[PDB]
Amino acid sequence: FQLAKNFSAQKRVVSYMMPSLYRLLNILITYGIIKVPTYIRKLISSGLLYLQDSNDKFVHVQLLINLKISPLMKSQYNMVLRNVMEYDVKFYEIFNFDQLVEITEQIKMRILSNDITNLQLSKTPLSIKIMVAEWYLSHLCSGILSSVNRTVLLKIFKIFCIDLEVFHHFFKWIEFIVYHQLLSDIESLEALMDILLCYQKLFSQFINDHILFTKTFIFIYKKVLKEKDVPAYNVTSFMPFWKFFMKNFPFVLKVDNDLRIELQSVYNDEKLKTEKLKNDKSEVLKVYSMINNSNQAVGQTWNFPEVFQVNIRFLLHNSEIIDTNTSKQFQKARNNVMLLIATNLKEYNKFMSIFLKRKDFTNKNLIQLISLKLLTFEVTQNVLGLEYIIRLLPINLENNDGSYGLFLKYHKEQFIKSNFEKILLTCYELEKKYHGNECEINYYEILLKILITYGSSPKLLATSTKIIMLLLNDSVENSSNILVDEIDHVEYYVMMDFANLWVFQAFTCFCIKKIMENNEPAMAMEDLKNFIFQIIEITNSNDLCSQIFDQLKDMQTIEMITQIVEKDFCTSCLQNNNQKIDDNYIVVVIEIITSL
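Using the authors' numbering, the letters of the sequence shown map in sequence onto residues 543 to 1025, 1069 to 1181.
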């Protein structure tokens, strides 16, 4: 509508959802002509000026991703009708051509900074970016030379910024797979992208070929200088494919079996020091400085120092040296796990490395588990959120996995963090992180119990009316998610607003119910429990929503206590009986009453 802050966030978020739906909807079941006819019919209604109507049509018409031949007559004509009081006004199609030229010029040579700027400029129009991606995709496919190293990360990362060509990136990756193979080090890095893909990987439906492609890479490798040949990231992906695929094939099974054995054999032969020395010598390129004795003692410090100094700047003349250093560090770790752990522990104790520098180090070689086990309070906050704006290897999975793994550690940190409340840094960050973390975390069944447990503790923990107001903050954050003294009924209405993200609502309801039930008087519970339940149910007055609310209240109560839930059912049964009792006398409103 017009000038509504609450409405705008929902509508705006709704507008982004609608744009995604338009992209997906158009590809499988949508008509360009039917959509245009509907928009034309809609303007007619808005002959009298309406602030809300004009903006929506322009916004939807602006990025419908219509075919260029079909769109020009229709889109331009539509714009002409709505030209009065329109910022875009005339020549919308020309803007698309200009945007395509800007995208193309930057893409062909350099312009890494320019590409980022182009997205910022083109944030307003989604459609222009989509057209540009196709041109970019064709150029990449045509070049005979195989993409490698940083360019692949940059090429995909840059493309990643434009939302529309999700498929294009996958197609390009497959073609790279179809095409002659790139450098081996890059290939290991490339898989990282596949791992990040997760469920989205399934959409491509090139899995049979992919297995074949993976095997082909195994067949293809010849001139590889890495003795270790670690396949853990790749082995994990193969394991996911076996579990995910749930099928047996001749080509896939033999390749998977062959890949596990080589890694096991290298680890077993890992103890021998001749292989370790030989691998180390090639990277070092000096025969005399074997450093076979106490390699962890000296090399780790060198690896720690050499890597740390140039990684942040990322201006190194040679791409080869950093990779060599990383390989050496990995080899030492593989050679002695205990020694590697000791070295990692030693580095933390020294504390000669900046927290920002440490985060970058964790992304590539350092273990998150070691950082997680022992860390500074300030460091822990830094550890939770990492900045990936600068080009870097994807670290999306480790962070995602830790978050998915537990609810007790994060809650504990927030509680400890919340108490200090000082220096306007860590404390401020912790409050933001906890709110952000809950929203970020998926409402998994296992997660919901943890979420309910934490939410209940938060609600239960507050001993003041003012804090009660603070929860208000959580609902607003949930319904926003952008980077006098009243009593129980308002809270009930707030609980009532909810659509799907019910973990918080359920926790609040459960806490309220528990408090009401525990009035310490047998007589008191009946008087309050019945009234609270009826008001909550009466206020909902609905079908699906009411069912959810009852279930949530019932579910939360049952989860907290099996017996308490049973007690609620008895109270509910008594409440139901009272409603049933009226039935003989009342003879009215059966449909509304029965459904609830």
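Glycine is no exception: its CB is placed at the ideal position from the N, C-alpha and C atoms.
What does a CB cutoff of less than 7 Å around residue i pick up in its chain, not counting 5 residues either side in sequence?
i	result
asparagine 660	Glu644, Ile645, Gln648
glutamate 812	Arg876, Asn877
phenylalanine 1083	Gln1090
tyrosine 996	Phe949, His953
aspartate 1016	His977, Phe1089
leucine 916	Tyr890
Leaving aside the five residues before and after residue i along the sequence, list all residues of the same chain whose C-beta is less than 8 Å from its C-beta, in chain order.
i	result
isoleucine 762	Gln723
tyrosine 564	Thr572, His602, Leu605, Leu606, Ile607
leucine 1002	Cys1096
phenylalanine 962	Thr968, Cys969
With burial defined as no fewer than 16 other Cβ atoms inside 10 Å of the residue's Cβ, what is the status of residue i: buried or exposed?
i	result
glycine 927	exposed
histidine 710	buried
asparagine 821	buried
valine 1150	buried
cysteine 1155	exposed
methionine 1011	exposed
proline 579	exposed
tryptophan 677	exposed
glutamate 729	buried
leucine 990	buried
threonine 666	exposed
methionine 621	buried
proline 1106	exposed
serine 1006	exposed
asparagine 799	exposed
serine 869	buried
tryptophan 784	exposed
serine 612	exposed
Which residues in the same chain as residue i place their Cβ atom closer than 6 Å to its Cβ, once the five residues preceding and following it in sequence are excluded?
i	result
residue 516	For the chain, the structure presents residues 543 to 1181; residue 516 sits outside this window and is missing.
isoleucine 719	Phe755
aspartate 1153	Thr1142
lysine 757	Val797
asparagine 656	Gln648
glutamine 842	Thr885
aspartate 1168	none
What's the C-alpha gap between residue i and residue j?
i	j	result
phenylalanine 949	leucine 1013	19 Å
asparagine 1103	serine 998	15 Å
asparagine 1085	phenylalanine 1134	11 Å
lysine 906	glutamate 862	16 Å
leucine 908	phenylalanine 748	33 Å
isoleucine 571	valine 556	20 Å
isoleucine 931	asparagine 1115	55 Å
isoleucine 704	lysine 610	19 Å
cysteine 683	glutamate 717	7 Å
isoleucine 653	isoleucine 698	15 Å
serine 1131	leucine 1181	7 Å
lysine 1008	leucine 914	35 Å
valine 772	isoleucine 1097	54 Å
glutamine 851	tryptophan 844	11 Å
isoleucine 1123	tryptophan 1087	19 Å
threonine 1179	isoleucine 1100	28 Å
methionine 894	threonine 1093	46 Å
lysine 823	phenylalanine 903	24 Å
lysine 547	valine 1173	42 Å
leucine 887	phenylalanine 957	27 Å
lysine 650	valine 674	12 Å
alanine 1109	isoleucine 1117	12 Å
With a cut-off of 8 Å on the beta carbons, I'd call residue i and residue j a contact; round off their distance for me.
i	j	result
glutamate 973	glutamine 923	So it is not a contact: roughly 11 Å between Cβ atoms.
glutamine 604	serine 669	7 Å
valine 766	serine 831	With 8 Å as the limit, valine 766 and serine 831 do not qualify as a contact, their Cβ atoms being about 23 Å apart.
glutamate 628	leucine 614	That pair is no contact at about 18 Å.
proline 936	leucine 744	Contact flag wrong, Cβ pair sits at about 18 Å.
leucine 739	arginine 933	At roughly 18 Å, the Cβ-Cβ gap does not stay under 8 Å, so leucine 739 and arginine 933 are not in contact.
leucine 706	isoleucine 672	4 Å
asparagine 1020	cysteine 981	6 Å
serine 779	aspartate 736	6 Å
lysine 599	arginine 624	6 Å
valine 794	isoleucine 753	5 Å
Is residue i close to chain B? Criterion is C-beta to C-beta, closer than 9 Å.
i	result
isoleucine 1120	The structure shown contains no chain B; it holds only a single protein chain.
Does the ligand FMN have a heavy atom nearer than 8 Å to the CB of residue i?
i	result
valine 694	With respect to small molecules bound, the structure shown includes none, and the ligand FMN cannot be examined in it.
Residue ranges of each alpha helix (DSSP H) run of no fewer than 4 residues wholly in the stretch 830-916, ordered along the chain?
837-853, 861-877, 879-892, 897-906, 910-915
In chain order, which alpha helix (DSSP H) runs of at least 4 residues are fully inside the stretch 568-627?
574-587, 593-604, 611-623
What ranges does the alpha helix (DSSP H) occupy inside the stretch 691-752, keeping only unbroken runs of at least 4 residues that lie completely in it?
692-703, 708-720, 726-739, 743-746
Which parts of the stretch 753-841 are runs of the alpha helix (DSSP H), unbroken and 4 residues or longer, counting only runs that do not cross its ends?
The DSSP assignment places complete alpha helix (DSSP H) segments of no fewer than 4 residues inside the stretch 753-841 at 774-787, 792-812, 815-826, in order along the chain.
Could I get the ranges of all uninterrupted beta strand (DSSP E) runs contained in the stretch 1101-1160, with 3 residues as the minimum, in chain order?
You should have found no qualifying run.
Mind listing, in chain order, the continuous alpha helix (DSSP H) runs of no fewer than 4 residues lying wholly within the stretch 940-989?
Counting whole runs of 4 or more residues, the stretch 940-989 contains the alpha helix (DSSP H) stretches 950-962, 968-982.
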